[PDB]
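A single chain comes next, written as structure tokens; it is the form deposited in one PDB entry.
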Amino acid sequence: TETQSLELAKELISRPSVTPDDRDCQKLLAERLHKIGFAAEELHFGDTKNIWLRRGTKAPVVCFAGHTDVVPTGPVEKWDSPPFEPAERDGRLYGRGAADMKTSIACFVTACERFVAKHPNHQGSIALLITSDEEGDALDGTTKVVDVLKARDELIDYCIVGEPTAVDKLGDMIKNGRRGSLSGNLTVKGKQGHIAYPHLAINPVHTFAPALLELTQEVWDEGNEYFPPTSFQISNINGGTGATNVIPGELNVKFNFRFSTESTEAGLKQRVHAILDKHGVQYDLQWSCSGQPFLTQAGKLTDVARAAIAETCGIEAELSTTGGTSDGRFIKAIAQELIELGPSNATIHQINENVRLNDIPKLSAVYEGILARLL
């Protein structure tokens, strides 16, 4: 079985492409796939590099999407082997980006090579949408490329985002969508004063308390067959001057919803304002929504991914929308069906990040099985 995915994953990992830097990872990919008919189109915005590689000119268009940037390593001596010197050890490949998400990219590229070699007259088109900023604020990465593609009507039928999705074994989980994310920055207003004269002050911690309990106990929805219940979480709360004999004048609270399609952005905001208003809270509230939920319901793409996983890995993949998010939240606008599929995400963003070596050629063969079933 092929070793080409492994060695390409190594050369990618060896590049310290901390966001938003690419270190010519995109150039490497472009030059390699150019050899088998992929045209390259660079789309740079701000400090972020993006590439849209494409072979073929007609439908169906199957897209692989991913990112070449990695999160910072932390103090390097805490690693067992250096984070940008990929090492084989105990049946694993260790390095920053080994799981998120350079190995996926390497597996897909080799899958393209093997597919195109076995089927040089295949129908449709194969594309790669690669960015150097998914891990940061992501203002100039995939979202810009999607807008360019949508503006010139270059649409996608099937997209696979190579993010790591597995719980333990490769293939046990595919993502067919993600929660939206809605964030609030609440400033509860009181009136500062000496703690010994509470009747001349208004303690914003005390005024907020009944709403906070109602917020943290609230059932937002029950989820459905594809999504878990909408989740509300407080991330920060800060109030006071540091003196233990003063009642603060204001209290700042930061909170977030990861919400399913059972609830809407507008609905959540109205509910939050209603809870605060019914308890007489005086406040300012700034909202920000960094994404809507998206979903690809059971269909050809999910069926095909399951079948390829059953063939290669021997297991039944489960569909999931849990966890964080991905660039799928931008791409779904131009992709009719989109899934995410990759290796274990157990060690992402952590020190001694790794992937099982046996999963590497399996992942690539899954991607190749997907290509064959769609094209």
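Numbers for residues come from their place in the sequence shown, where the first is 1.
Engineer: Output the stretch having the higher mean C-alpha B factor in the entry; the candidates are 303-311 and 56-64.
Structural biologist: Taking the mean B-factor of the alpha carbons in each, 56-64 is higher.
Engineer: Look up the CA B-factors in the entry and say which stretch, 244-252 or 70-78, has the higher mean.
Structural biologist: So the stretch with the higher mean C-alpha B-factor is 70-78.
Engineer: Could you check 263, 203, 142, 290 and tell me which one carries the biggest Cα B-factor in the deposited entry?
Structural biologist: The C-alpha B-factor peaks, among 263, 203, 142, 290, at 290.
Engineer: Highest Cα B-factor in the deposition, which of 175, 194, 191, 114?
Structural biologist: Among 175, 194, 191, 114, the highest C-alpha B-factor in the entry belongs to 114.
Engineer: Looking at the C-alpha B-factor of residue 110, is it in the lowest, middle or highest third of its chain?
Structural biologist: As the PDB entry reports it, the C-alpha B-factor of residue 110 lands in the highest third of its chain.
Engineer: Taking the chain's C-alpha temperature factors as the reference, tell me which third residue 123 falls into: lowest, middle or highest.
Structural biologist: It falls in the top third of the chain.
Engineer: Within this chain, which third does the Cα B-factor at residue 278 fall in: lowest, middle or highest?
Structural biologist: It belongs to the middle third of the chain when residues are ordered by C-alpha B-factor.
Engineer: What third of its chain, lowest, middle or highest, does the C-alpha temperature factor of residue 199 fall into?
Structural biologist: Its C-alpha B-factor belongs to the middle third of this chain's values.
Engineer: By the recorded C-alpha temperature factor, relative to the other modelled residues in its chain, which third is residue 331 in?
Structural biologist: CA B-factor rank for residue 331: middle third.
Keep in mind that the form deposited in another entry is missing from the display, and what follows is about it.
Engineer: Considering the rigid-body rotation between this form and the one not shown, which residue or segment among 70, 178, 125, 52 is located at the hinge?
Structural biologist: Hinge located at 178.
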